[PDB]
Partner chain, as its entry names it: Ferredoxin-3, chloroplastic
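Taking the form solved without the partner chain, here's one chain by itself in C-alpha cells.
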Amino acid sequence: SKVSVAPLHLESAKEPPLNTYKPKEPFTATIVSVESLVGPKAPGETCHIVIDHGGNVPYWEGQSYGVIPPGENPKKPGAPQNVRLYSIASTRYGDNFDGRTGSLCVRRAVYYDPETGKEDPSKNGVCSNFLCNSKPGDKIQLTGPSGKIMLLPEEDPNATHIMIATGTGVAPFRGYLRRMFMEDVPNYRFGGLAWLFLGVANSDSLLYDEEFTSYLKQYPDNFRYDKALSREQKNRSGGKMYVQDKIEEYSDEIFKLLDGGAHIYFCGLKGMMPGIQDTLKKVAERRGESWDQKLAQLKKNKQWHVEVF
C-alpha cells in the first residue's frame, strides 16, 4: 500500500542541507508542471508547481526554497530581484517519488483598487504570478534550501504532531503527512497521532483535500483532520470560523496532548497567531496556569514550531 520511493540514500544525510545555493549563483531548475489547486469560487488562484532540480538541490520536509524572479530590482537598478521564500510542499522524494523534483504551493498575489475593485497587474506580486504563470520547460532560479524550525522531529516515531495551517501554510504538512502515511520509508514508521487543522476561505479554496481525506480513511486511528471554512461557516459567537475557533472546540484535548509532549506547528498567515494565542491562553488560565510560563516551557521543550508570514 505505501508507495515505493527512491533513492534510499536521501535518508543517509545526518544534517539537513542549508543554503546549498545562494543568490549570487542560483541553481537553474526546470518547471515540470503547473496546475490550479482551487475551484472558481476561490477568492484567488493557488497553484501547485513541480520543479525538477535533478537531485542537485535536495531538502528535508519542512524546508523552503528561494526563487529569484526575472527582471531587475525596481529599487536597485542594475541588480537582480530579491529572493522570495516558498515552503516546500513535497517530501524529499517529491511528487514523482524519485528524488529529482520538489513542489511549491503558491497563492497569486493580486492588487485590487479598494473602491472600484479594478485589478491592476502592474501592482501584482512579481514572483507569485511569475510562478503560477509558468509552463513546462520554463527555467527558474532556485536558492536554498533553508529553514530548520519546521523540520519534523523524528526521534519518537509515535509522537503527536498538531499542525495548524491557513492557506498555503498547509505546504509543509503535505510533506509531513506523505512521509508519515503515503511513502514507503523503512527508517520512519509513524505510529502516533497527526492532527491537521486547515483554514481556507471556502470549499473551493481547499488544498489537497482529497489526499487528506484519504488518510482519514486509511489511518483513522493516526490521523485527524478539521477544517475552518471562513466564508461558509460561523464560529459560536457569530464571526467567521477561523482555525483558532476550531482549536477552541478541541481546547481540552489539545492541552492534554501538549501536556503529554505533543509538537504543535503553525504555518501561514502571521495574522492568525494572536487569536491562537488568546485561545490557548484562556484554556491554560481556566486550569489555574500561567500561559506565559506554559508557552515558555513548550518552547524550552522544543514543542513549539512557528513559521508564519
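Positions refer to the first chain, counted from 1.
Separately, the form deposited with the partner chain bound exists; it is not shown, and the next lines address it.
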* Asked: Since exactly one of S134, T160, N222, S146 fits, which has a heavy atom within 4.5 Å of the partner chain in the deposited bound form?
  -> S146
* Asked: What is the one choice in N96, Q233, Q218, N82 with a heavy atom within 4.5 Å of the partner chain in the deposited bound form?
  -> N82
* Asked: According to a 4.5 angstroms non-hydrogen atom cut-off, is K76 in contact with the partner chain in the deposited bound form?
  -> yes
* With the cut-off set at 4.5 Å between non-hydrogen atoms, does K22 touch the partner chain in the deposited bound form? -> yes
* Partner contact for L18 in the deposited bound form: the partner chain, 4.5 angstroms, heavy atom -> yes
* Heavy atoms, 4.5 Å, the partner chain in the deposited bound form: which of 276 to 284, 250 to 258, 45 to 53, 22 to 30 makes the cut? Say which one. => 22 to 30
